[PDB]
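Pasting protein_27.txt here (compact mmCIF, C-alpha atoms):
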# COMPACT_ATOMS: atom_id res chain seq x y z
CA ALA A 1 0.00 0.00 0.00
CA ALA A 2 1.08 3.61 -0.55
CA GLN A 3 -0.08 6.70 1.32
CA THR A 4 0.89 9.77 -0.70
CA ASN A 5 1.61 13.02 1.13
CA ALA A 6 1.98 11.14 4.38
CA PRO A 7 3.58 12.83 7.38
CA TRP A 8 7.36 12.83 7.04
CA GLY A 9 7.77 10.41 9.96
CA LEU A 10 5.58 7.72 8.39
CA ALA A 11 7.43 8.22 5.10
CA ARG A 12 10.77 7.93 6.90
CA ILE A 13 9.93 4.64 8.60
CA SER A 14 9.30 3.02 5.21
CA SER A 15 12.32 4.64 3.54
CA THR A 16 16.02 3.98 3.32
CA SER A 17 16.32 7.77 2.65
CA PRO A 18 15.03 11.00 4.23
CA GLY A 19 13.19 13.60 2.21
CA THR A 20 10.34 11.50 0.82
CA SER A 21 6.64 11.90 1.50
CA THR A 22 4.97 8.56 0.67
CA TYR A 23 4.41 5.92 3.37
CA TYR A 24 4.67 2.32 2.15
CA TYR A 25 3.35 -0.56 4.22
CA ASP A 26 1.83 -4.00 3.94
CA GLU A 27 -1.96 -3.75 3.76
CA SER A 28 -2.39 -6.07 6.73
CA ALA A 29 -1.61 -2.81 8.56
CA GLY A 30 -1.54 -4.23 12.09
CA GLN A 31 -4.97 -5.94 11.78
CA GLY A 32 -5.52 -8.29 14.71
CA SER A 33 -2.91 -6.65 16.93
CA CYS A 34 -3.60 -4.30 19.84
CA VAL A 35 -1.72 -1.27 21.12
CA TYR A 36 -2.34 0.16 24.59
CA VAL A 37 -1.66 3.90 24.66
CA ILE A 38 -0.85 4.57 28.32
CA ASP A 39 -1.13 8.31 28.50
CA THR A 40 -3.75 11.07 28.90
CA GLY A 41 -6.48 8.99 27.22
CA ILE A 42 -7.74 8.83 23.65
CA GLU A 43 -10.44 10.88 21.95
CA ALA A 44 -11.91 7.64 20.66
CA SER A 45 -14.59 9.52 18.71
CA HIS A 46 -12.00 11.21 16.46
CA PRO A 47 -12.93 10.27 12.85
CA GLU A 48 -9.28 9.32 12.24
CA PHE A 49 -9.67 6.28 14.50
CA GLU A 50 -12.65 4.77 12.63
CA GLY A 51 -14.14 3.09 15.68
CA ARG A 52 -10.88 1.23 16.35
CA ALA A 53 -10.04 3.29 19.46
CA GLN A 54 -11.60 2.91 22.88
CA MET A 55 -10.90 3.93 26.44
CA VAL A 56 -10.56 0.85 28.64
CA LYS A 57 -9.36 2.33 31.96
CA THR A 58 -8.96 5.65 33.75
CA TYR A 59 -7.75 6.60 37.22
CA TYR A 60 -9.40 10.04 37.14
CA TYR A 61 -12.90 11.51 37.13
CA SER A 62 -13.01 11.11 33.36
CA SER A 63 -11.59 8.79 30.78
CA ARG A 64 -11.57 11.48 28.11
CA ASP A 65 -8.36 13.00 26.83
CA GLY A 66 -8.59 16.57 27.99
CA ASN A 67 -4.95 17.16 27.09
CA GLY A 68 -4.42 15.91 23.53
CA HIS A 69 -1.08 14.23 24.07
CA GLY A 70 -2.50 10.71 24.38
CA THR A 71 -4.81 11.35 21.43
CA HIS A 72 -1.79 12.54 19.45
CA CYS A 73 0.23 9.41 20.30
CA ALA A 74 -2.69 7.10 19.55
CA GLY A 75 -3.03 8.82 16.18
CA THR A 76 0.61 8.06 15.35
CA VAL A 77 0.16 4.42 16.38
CA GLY A 78 -3.00 3.75 14.38
CA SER A 79 -5.04 6.62 12.93
CA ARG A 80 -5.93 6.19 9.26
CA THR A 81 -3.95 9.23 8.07
CA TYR A 82 -1.26 9.69 10.73
CA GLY A 83 -0.80 6.14 12.02
CA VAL A 84 1.85 3.51 11.41
CA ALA A 85 -0.52 0.57 11.93
CA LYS A 86 -3.73 1.77 10.32
CA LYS A 87 -5.82 -1.27 11.27
CA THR A 88 -4.64 -2.08 14.77
CA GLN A 89 -6.88 -1.81 17.84
CA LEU A 90 -6.14 1.12 20.16
CA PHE A 91 -6.79 0.86 23.91
CA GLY A 92 -6.54 3.99 26.04
CA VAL A 93 -5.28 3.78 29.61
CA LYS A 94 -5.48 7.23 31.21
CA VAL A 95 -2.70 7.32 33.78
CA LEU A 96 -1.91 11.00 33.14
CA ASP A 97 -4.29 13.77 34.10
CA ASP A 98 -5.31 16.44 31.64
CA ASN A 99 -2.23 18.50 32.55
CA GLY A 100 -0.17 15.51 31.35
CA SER A 101 1.09 14.52 34.81
CA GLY A 102 0.60 11.35 36.84
CA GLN A 103 1.78 9.93 40.13
CA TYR A 104 4.13 7.03 39.41
CA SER A 105 1.90 4.71 41.45
CA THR A 106 -1.00 5.47 39.14
CA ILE A 107 1.39 4.86 36.25
CA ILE A 108 2.54 1.56 37.77
CA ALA A 109 -1.07 0.55 38.41
CA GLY A 110 -1.86 1.29 34.77
CA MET A 111 1.01 -0.85 33.54
CA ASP A 112 -0.13 -3.72 35.74
CA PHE A 113 -3.63 -3.06 34.41
CA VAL A 114 -2.46 -3.60 30.82
CA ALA A 115 -0.60 -6.80 31.76
CA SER A 116 -3.90 -8.29 32.96
CA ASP A 117 -6.35 -6.49 30.67
CA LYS A 118 -4.75 -7.95 27.54
CA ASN A 119 -6.34 -11.26 28.63
CA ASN A 120 -9.70 -9.49 28.24
CA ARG A 121 -9.00 -8.48 24.63
CA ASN A 122 -8.82 -10.17 21.24
CA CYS A 123 -5.27 -9.55 20.02
CA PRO A 124 -4.33 -12.77 18.21
CA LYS A 125 -1.37 -11.05 16.52
CA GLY A 126 -0.07 -9.67 19.81
CA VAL A 127 -0.04 -6.76 22.17
CA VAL A 128 1.98 -3.53 22.28
CA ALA A 129 2.09 -0.81 24.92
CA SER A 130 3.18 2.72 24.00
CA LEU A 131 4.34 4.66 27.08
CA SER A 132 4.89 8.27 25.98
CA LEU A 133 5.65 9.30 29.54
CA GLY A 134 8.43 9.38 32.08
CA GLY A 135 10.16 11.12 34.93
CA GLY A 136 13.13 10.58 37.20
CA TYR A 137 14.71 7.21 37.86
CA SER A 138 12.40 4.81 39.71
CA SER A 139 13.23 1.17 40.24
CA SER A 140 9.52 0.51 40.90
CA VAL A 141 8.47 2.12 37.62
CA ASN A 142 11.27 0.28 35.78
CA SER A 143 10.10 -2.98 37.35
CA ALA A 144 6.48 -2.31 36.44
CA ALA A 145 7.64 -1.83 32.84
CA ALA A 146 9.69 -5.03 32.99
CA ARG A 147 6.68 -6.93 34.36
CA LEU A 148 4.52 -5.59 31.53
CA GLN A 149 7.20 -6.62 29.01
CA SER A 150 7.55 -9.99 30.73
CA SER A 151 3.81 -10.60 30.58
CA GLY A 152 4.07 -10.72 26.77
CA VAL A 153 3.53 -7.08 25.75
CA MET A 154 6.03 -5.28 23.62
CA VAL A 155 6.70 -2.22 25.74
CA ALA A 156 7.95 0.91 23.94
CA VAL A 157 8.82 3.89 26.16
CA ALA A 158 10.08 7.41 25.47
CA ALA A 159 13.75 8.07 26.11
CA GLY A 160 12.77 11.48 27.51
CA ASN A 161 13.27 15.02 26.26
CA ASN A 162 16.13 16.14 28.51
CA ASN A 163 19.03 15.80 26.03
CA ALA A 164 20.75 13.74 28.71
CA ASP A 165 21.67 10.12 29.29
CA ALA A 166 18.44 8.14 29.66
CA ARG A 167 19.83 6.07 32.48
CA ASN A 168 18.51 8.75 34.95
CA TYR A 169 14.88 8.42 33.83
CA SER A 170 12.10 5.86 34.14
CA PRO A 171 10.80 3.86 32.54
CA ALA A 172 13.40 4.83 29.87
CA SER A 173 16.27 3.25 31.85
CA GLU A 174 14.57 -0.18 32.14
CA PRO A 175 16.76 -2.41 29.90
CA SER A 176 14.12 -5.06 29.10
CA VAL A 177 11.70 -2.66 27.35
CA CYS A 178 12.20 -0.71 24.11
CA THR A 179 13.58 2.77 24.81
CA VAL A 180 13.02 5.15 21.89
CA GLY A 181 14.89 8.35 20.99
CA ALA A 182 13.72 11.01 18.56
CA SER A 183 15.05 12.10 15.16
CA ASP A 184 14.11 15.00 12.87
CA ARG A 185 13.29 14.97 9.16
CA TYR A 186 16.93 15.66 8.22
CA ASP A 187 18.01 12.45 10.01
CA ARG A 188 19.40 14.42 12.94
CA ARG A 189 18.98 13.41 16.54
CA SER A 190 16.27 15.68 17.88
CA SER A 191 17.97 18.41 19.88
CA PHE A 192 15.84 17.46 22.91
CA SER A 193 16.30 13.70 22.55
CA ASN A 194 17.85 11.75 25.39
CA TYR A 195 20.55 9.24 24.44
CA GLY A 196 22.82 6.71 26.13
CA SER A 197 23.46 3.00 26.04
CA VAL A 198 19.91 2.22 27.24
CA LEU A 199 18.35 3.53 24.00
CA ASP A 200 17.41 0.74 21.61
CA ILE A 201 16.19 2.69 18.56
CA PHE A 202 15.26 6.11 17.24
CA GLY A 203 12.03 7.11 15.56
CA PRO A 204 10.61 10.30 14.07
CA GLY A 205 10.11 12.73 16.90
CA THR A 206 10.38 16.31 15.60
CA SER A 207 7.31 18.07 14.15
CA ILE A 208 5.08 14.99 14.05
CA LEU A 209 1.59 15.65 12.66
CA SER A 210 -1.14 13.56 14.32
CA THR A 211 -4.69 13.63 15.70
CA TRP A 212 -5.58 16.14 18.39
CA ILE A 213 -8.57 16.63 20.67
CA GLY A 214 -11.64 18.39 19.40
CA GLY A 215 -11.44 16.34 16.21
CA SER A 216 -8.45 18.36 15.03
CA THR A 217 -4.78 17.70 14.14
CA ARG A 218 -1.49 19.33 15.05
CA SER A 219 2.25 18.85 14.86
CA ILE A 220 4.29 18.48 18.05
CA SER A 221 7.71 17.19 19.05
CA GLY A 222 9.09 14.88 21.70
CA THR A 223 10.61 11.45 22.27
CA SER A 224 7.03 11.11 23.22
CA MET A 225 6.12 11.16 19.65
CA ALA A 226 8.89 8.90 18.49
CA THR A 227 7.62 6.10 20.72
CA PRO A 228 4.22 5.56 19.01
CA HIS A 229 6.05 5.18 15.69
CA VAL A 230 7.97 2.24 17.13
CA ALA A 231 4.90 1.00 18.99
CA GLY A 232 2.92 1.21 15.76
CA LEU A 233 5.77 -0.47 13.90
CA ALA A 234 5.87 -3.34 16.42
CA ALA A 235 2.13 -3.97 16.03
CA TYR A 236 2.63 -3.85 12.24
CA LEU A 237 5.54 -6.30 12.33
CA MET A 238 3.74 -8.64 14.75
CA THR A 239 0.72 -8.78 12.48
CA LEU A 240 3.04 -9.68 9.61
CA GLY A 241 4.46 -12.52 11.72
CA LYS A 242 7.99 -11.14 11.51
CA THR A 243 8.49 -10.99 15.28
CA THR A 244 6.86 -11.43 18.68
CA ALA A 245 6.39 -9.13 21.64
CA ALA A 246 9.40 -10.60 23.46
CA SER A 247 11.74 -10.03 20.50
CA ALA A 248 10.17 -7.10 18.62
CA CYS A 249 12.41 -4.33 20.02
CA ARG A 250 15.39 -6.40 19.03
CA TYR A 251 13.96 -7.30 15.65
CA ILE A 252 13.33 -3.59 15.02
CA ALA A 253 16.94 -2.80 15.95
CA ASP A 254 18.31 -5.59 13.73
CA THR A 255 16.30 -4.35 10.73
CA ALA A 256 16.66 -0.59 11.35
CA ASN A 257 18.36 1.96 9.13
CA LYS A 258 21.92 1.89 10.48
CA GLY A 259 24.37 4.74 10.83
CA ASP A 260 22.07 7.26 9.14
CA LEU A 261 21.54 9.69 12.03
CA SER A 262 23.83 12.57 12.85
CA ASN A 263 24.68 14.06 16.24
CA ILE A 264 24.33 10.65 17.88
CA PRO A 265 26.70 10.69 20.89
CA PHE A 266 29.40 8.04 21.08
CA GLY A 267 27.98 4.94 22.78
CA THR A 268 24.36 5.45 21.69
CA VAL A 269 22.98 3.29 18.88
CA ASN A 270 22.69 4.86 15.43
CA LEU A 271 19.51 2.98 14.45
CA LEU A 272 16.34 4.45 12.90
CA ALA A 273 13.11 2.41 12.92
CA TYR A 274 12.39 0.99 9.50
CA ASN A 275 9.60 -1.29 8.36
CA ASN A 276 11.68 -2.81 5.56
CA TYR A 277 8.58 -2.98 3.35
CA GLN A 278 9.34 -3.72 -0.29
CA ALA A 279 6.38 -2.57 -2.37

Could you take the file, read its structure, and then write that structure out as structure tokens?
Amino acid sequence: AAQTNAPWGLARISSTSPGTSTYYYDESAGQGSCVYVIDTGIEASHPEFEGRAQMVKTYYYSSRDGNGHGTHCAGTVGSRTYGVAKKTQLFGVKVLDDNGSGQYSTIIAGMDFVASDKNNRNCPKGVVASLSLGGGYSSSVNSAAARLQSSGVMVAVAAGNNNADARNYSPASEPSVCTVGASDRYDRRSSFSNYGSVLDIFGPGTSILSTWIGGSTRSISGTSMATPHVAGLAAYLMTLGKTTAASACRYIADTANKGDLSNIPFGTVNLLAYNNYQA
């Protein structure tokens, strides 16, 4: 399949080269997989989601996304125009309030929610969790992310936007999950992107156009938005049978575009998520 005039990030993940605008992907498109977006919620009613998005859990007075960040990430995972995996199922877990903040314990509870809730869902191709969130180092948040990974969910987490080593942030520093940095459309490390040996992969993170609340769209930047690209890619690759939740992060790194990013500090991987689709 070919999506002309796609957002640059979708076009990048199906390209050996920057500077193209068509997204190429197998039509299976993540059908029969599921991605949990653990964030501020999802505006499930957004026409971009086509009935494939639903809120399954909230820790606040409302399950709606009053922020837009979770809606934006869900749109990059699986919205019809802005999504990597245009047919996956999206499950919203609102661990962040509408200011975008959450107590870690609510975040931990939400991760443990996903690790059980996936047994209440039909995801025969497998389960992904996109965690576009983070804060300071926490061994209890790291371990919640490792449990989620261990339960059979590919976990993809933001490296963080501090331009520092990700070892001082959680769940970024958890080694068992898939820690994602951010690149820009010129194949540069995003100026805000964390780095370090704990990063597994980079995805498009600068000026990412996706769904927003109120039925709108907008372009925003963050290792937060690189993560749903990898999360959407994992769901896509799992539907194609190319990998499993336990080995997806590593499959993605094996098959990534290698050595193409600039301003990648010594010791951090120079790998850019790539779907390797041959049209």

Item to check | Atom pair atom CA of residue A:185 / atom CA of residue A:261: separation (Å) | outcome: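 So the answer is 10.2 Å.
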
Next on the checklist: I want to know what sits within 7 Å of stretch 160-172 of chain A, based on only C-alpha atoms, with residues of the same chain fewer than 5 positions away left out; could you give that as a list in words?
Outcome noted: residues 134, 135, 136, 137, 138, 141, 142, 145, 179, 191, 192, 193, 194, 195, 196, 198, 222 and 223 of chain A

Limited to C-alpha atoms, could you put the picked residues into a file as a compact mmCIF listing (two decimals), in the coordinates of the input?
# COMPACT_ATOMS: atom_id res chain seq x y z
CA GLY A 134 8.43 9.38 32.08
CA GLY A 135 10.16 11.12 34.93
CA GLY A 136 13.13 10.58 37.20
CA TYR A 137 14.71 7.21 37.86
CA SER A 138 12.40 4.81 39.71
CA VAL A 141 8.47 2.12 37.62
CA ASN A 142 11.27 0.28 35.78
CA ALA A 145 7.64 -1.83 32.84
CA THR A 179 13.58 2.77 24.81
CA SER A 191 17.97 18.41 19.88
CA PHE A 192 15.84 17.46 22.91
CA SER A 193 16.30 13.70 22.55
CA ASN A 194 17.85 11.75 25.39
CA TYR A 195 20.55 9.24 24.44
CA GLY A 196 22.82 6.71 26.13
CA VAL A 198 19.91 2.22 27.24
CA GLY A 222 9.09 14.88 21.70
CA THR A 223 10.61 11.45 22.27

Please return the centre and edge lengths, in Å to one decimal, of a box with edges along x, y and z that contains all listed atoms of stretch 156-170 of chain A, widened by 3 Å on every side, as AutoDock Vina command-line options.
--center_x 14.8 --center_y 8.5 --center_z 29.4 --size_x 19.7 --size_y 21.2 --size_z 17.0

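When atom CA of residue A:230 is paired with atom CA of residue A:151, their separation reads 19.1 Å.
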
Next on the checklist: Counting only C-alpha atoms, which residue out of A:105, A:183, A:5, A:89 sits closest to residue A:127?
Outcome noted: A:89

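Nearest residue to residue A:143 among A:47, A:175, A:232, A:78 is A:175, counting all atoms listed in the file.
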
Item to check | Length of the atom CA of residue A:86 to atom CA of residue A:98 vector [Å] | outcome: 25.9 Å

Determine, using all atoms listed in the file, which residues of stretch 71-153 of chain A have any atom at most 12 Å from an atom of stretch 202-206 of chain A, and tabulate each with its shortest atom pair and distance in Å to one decimal place, rows ordered by chain and then rising number, as a Markdown table.
| residue | atom | partner | partner_atom | distance |
| --- | --- | --- | --- | --- |
| A:73 | CA | A:205 | CA | 11.0 |
| A:76 | CA | A:204 | CA | 10.3 |
| A:84 | CA | A:204 | CA | 11.4 |
| A:132 | CA | A:205 | CA | 11.4 |

Item to check | Selected residue of minimal separation from residue A:8 among A:51, A:83, A:181, A:124, counting all atoms listed in the file | outcome: A:83

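Minimum distance to residue A:250 across A:201, A:10, A:238, A:45 (counting only C-alpha atoms) occurs at A:201.
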
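Taking only C-alpha atoms into account, residue A:38 lies nearest to A:92 out of the set A:9, A:228, A:92, A:267.
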
Reconstruct stretch 225-240 of chain A at the level of N, CA, C and O atoms, and format the result as a PDB file, in the coordinates of the input.
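Saved file result_18.pdb follows:
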ATOM      1  N   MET A 225       6.983  11.617  20.706  1.00  0.00           N
ATOM      2  CA  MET A 225       6.120  11.160  19.650  1.00  0.00           C
ATOM      3  C   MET A 225       6.938  10.153  18.873  1.00  0.00           C
ATOM      4  O   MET A 225       6.477   9.757  17.813  1.00  0.00           O
ATOM      5  N   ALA A 226       8.184   9.942  19.237  1.00  0.00           N
ATOM      6  CA  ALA A 226       8.890   8.900  18.490  1.00  0.00           C
ATOM      7  C   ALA A 226       8.381   7.519  18.882  1.00  0.00           C
ATOM      8  O   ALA A 226       8.276   6.604  18.051  1.00  0.00           O
ATOM      9  N   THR A 227       8.043   7.381  20.156  1.00  0.00           N
ATOM     10  CA  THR A 227       7.620   6.100  20.720  1.00  0.00           C
ATOM     11  C   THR A 227       6.421   5.483  20.015  1.00  0.00           C
ATOM     12  O   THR A 227       6.486   4.282  19.700  1.00  0.00           O
ATOM     13  N   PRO A 228       5.317   6.199  19.741  1.00  0.00           N
ATOM     14  CA  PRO A 228       4.220   5.560  19.010  1.00  0.00           C
ATOM     15  C   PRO A 228       4.589   5.101  17.609  1.00  0.00           C
ATOM     16  O   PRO A 228       3.937   4.184  17.086  1.00  0.00           O
ATOM     17  N   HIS A 229       5.584   5.712  16.965  1.00  0.00           N
ATOM     18  CA  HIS A 229       6.050   5.180  15.690  1.00  0.00           C
ATOM     19  C   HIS A 229       6.584   3.766  15.853  1.00  0.00           C
ATOM     20  O   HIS A 229       6.295   2.875  15.045  1.00  0.00           O
ATOM     21  N   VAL A 230       7.412   3.560  16.874  1.00  0.00           N
ATOM     22  CA  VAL A 230       7.970   2.240  17.130  1.00  0.00           C
ATOM     23  C   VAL A 230       6.890   1.293  17.638  1.00  0.00           C
ATOM     24  O   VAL A 230       6.837   0.114  17.258  1.00  0.00           O
ATOM     25  N   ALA A 231       6.029   1.792  18.530  1.00  0.00           N
ATOM     26  CA  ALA A 231       4.900   1.000  18.990  1.00  0.00           C
ATOM     27  C   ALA A 231       4.020   0.607  17.819  1.00  0.00           C
ATOM     28  O   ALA A 231       3.630  -0.557  17.685  1.00  0.00           O
ATOM     29  N   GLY A 232       3.717   1.558  16.933  1.00  0.00           N
ATOM     30  CA  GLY A 232       2.920   1.210  15.760  1.00  0.00           C
ATOM     31  C   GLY A 232       3.661   0.257  14.848  1.00  0.00           C
ATOM     32  O   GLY A 232       3.066  -0.649  14.262  1.00  0.00           O
ATOM     33  N   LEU A 233       4.981   0.439  14.726  1.00  0.00           N
ATOM     34  CA  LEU A 233       5.770  -0.470  13.900  1.00  0.00           C
ATOM     35  C   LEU A 233       5.734  -1.886  14.471  1.00  0.00           C
ATOM     36  O   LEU A 233       5.537  -2.861  13.730  1.00  0.00           O
ATOM     37  N   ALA A 234       5.891  -2.018  15.795  1.00  0.00           N
ATOM     38  CA  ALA A 234       5.870  -3.340  16.420  1.00  0.00           C
ATOM     39  C   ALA A 234       4.560  -4.059  16.149  1.00  0.00           C
ATOM     40  O   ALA A 234       4.564  -5.218  15.725  1.00  0.00           O
ATOM     41  N   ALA A 235       3.425  -3.389  16.377  1.00  0.00           N
ATOM     42  CA  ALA A 235       2.130  -3.970  16.030  1.00  0.00           C
ATOM     43  C   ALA A 235       2.074  -4.384  14.559  1.00  0.00           C
ATOM     44  O   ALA A 235       1.548  -5.455  14.223  1.00  0.00           O
ATOM     45  N   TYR A 236       2.607  -3.538  13.670  1.00  0.00           N
ATOM     46  CA  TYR A 236       2.630  -3.850  12.240  1.00  0.00           C
ATOM     47  C   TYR A 236       3.455  -5.094  11.973  1.00  0.00           C
ATOM     48  O   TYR A 236       3.012  -5.995  11.251  1.00  0.00           O
ATOM     49  N   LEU A 237       4.648  -5.170  12.564  1.00  0.00           N
ATOM     50  CA  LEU A 237       5.540  -6.300  12.330  1.00  0.00           C
ATOM     51  C   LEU A 237       5.005  -7.587  12.962  1.00  0.00           C
ATOM     52  O   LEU A 237       5.239  -8.680  12.434  1.00  0.00           O
ATOM     53  N   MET A 238       4.304  -7.474  14.086  1.00  0.00           N
ATOM     54  CA  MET A 238       3.740  -8.640  14.750  1.00  0.00           C
ATOM     55  C   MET A 238       2.597  -9.208  13.934  1.00  0.00           C
ATOM     56  O   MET A 238       2.448 -10.427  13.818  1.00  0.00           O
ATOM     57  N   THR A 239       1.770  -8.325  13.371  1.00  0.00           N
ATOM     58  CA  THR A 239       0.720  -8.780  12.480  1.00  0.00           C
ATOM     59  C   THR A 239       1.297  -9.483  11.264  1.00  0.00           C
ATOM     60  O   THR A 239       0.726 -10.466  10.786  1.00  0.00           O
ATOM     61  N   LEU A 240       2.440  -9.013  10.760  1.00  0.00           N
ATOM     62  CA  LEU A 240       3.040  -9.680   9.610  1.00  0.00           C
ATOM     63  C   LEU A 240       3.714 -10.986   9.985  1.00  0.00           C
ATOM     64  O   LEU A 240       4.101 -11.730   9.082  1.00  0.00           O
TER      65      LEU A 240
END
